[PDB]
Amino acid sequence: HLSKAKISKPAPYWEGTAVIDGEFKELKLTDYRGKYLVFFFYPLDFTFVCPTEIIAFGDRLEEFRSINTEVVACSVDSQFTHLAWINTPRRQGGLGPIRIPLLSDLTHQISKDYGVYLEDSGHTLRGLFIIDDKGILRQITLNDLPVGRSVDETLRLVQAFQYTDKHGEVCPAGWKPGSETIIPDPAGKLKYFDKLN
């Protein structure tokens, strides 16, 4: 069963049950057309790096919505395990309330479509996908289990894609808002390389 997630192609469609504001709702990738989506997998509810990452994105959710960007998290756990996790206090590795949908990939179909399913473990690694508003996949970040992801880096990449979507100039290594960009032409490129070093 092959990974269908390819950069510059439509992100593999998905649909399933998620926990949104304490309730079970059906959620579809297509529900986010018009916005940038940060769609990310994490291994297991009731473990360790996993609460911290969901909390880090949830706590800073306004930074994303402020740039027309939603966030959705997902693991192979059921919607009932998600809801129990949410209902466990952060003190006991629970999540406590949260502002980001927790999608359920019980059948493992979505994980396989995104190429993050670990056949020997029965869950995903840490895979994060940045999908733009046309539904096109733009970025893929895959981390071995031990190492969590970074909201700042994710923020930077979304802003970079939105910028380059708007202007057609390109974003140099380390680019942040306000940084120099490059006209992607053999002559126009010299406005950047000549100006700075």
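Here, rigid core means the biggest group of C-alpha atoms that superpose within 1.5 Å across both forms. All residue numbers are counted from 1 along the displayed sequence.
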| remark: Core-aligned CA RMS in 5 other deposited structures of this protein: between 151-159 and 49-57 the higher one is 49-57
| C-alpha RMS from this form in 5 other deposited structures of this protein, rigid core superposed: larger for 40-48 or 128-136? | 40-48
| message | Regarding 162-170 and 131-139, which shows the higher C-alpha temperature factor on average in the entry? | response | 162-170
| field | Given 108-116 and 85-93, the range whose Cα B-factors average higher in the PDB entry | value | 85-93
| task | Would you please rank residue 150 by its C-alpha temperature factor against the other modelled residues of its chain and give the third it falls in: lowest, middle or highest? | result | lowest
| query | Lowest, middle or highest third: where is residue 51 by C-alpha B factor in its chain? | reply | highest
| Compared with the other modelled residues in the chain, in which third is the CA B-factor of residue 98? | highest
| said: Split into thirds by Cα B-factor across the chain's modelled residues, where does residue 61 land: lowest, middle or highest? | reply: middle
| query | If you rank every modelled residue in this chain by C-alpha B factor, which third holds residue 27: lowest, middle or highest? | reply | highest
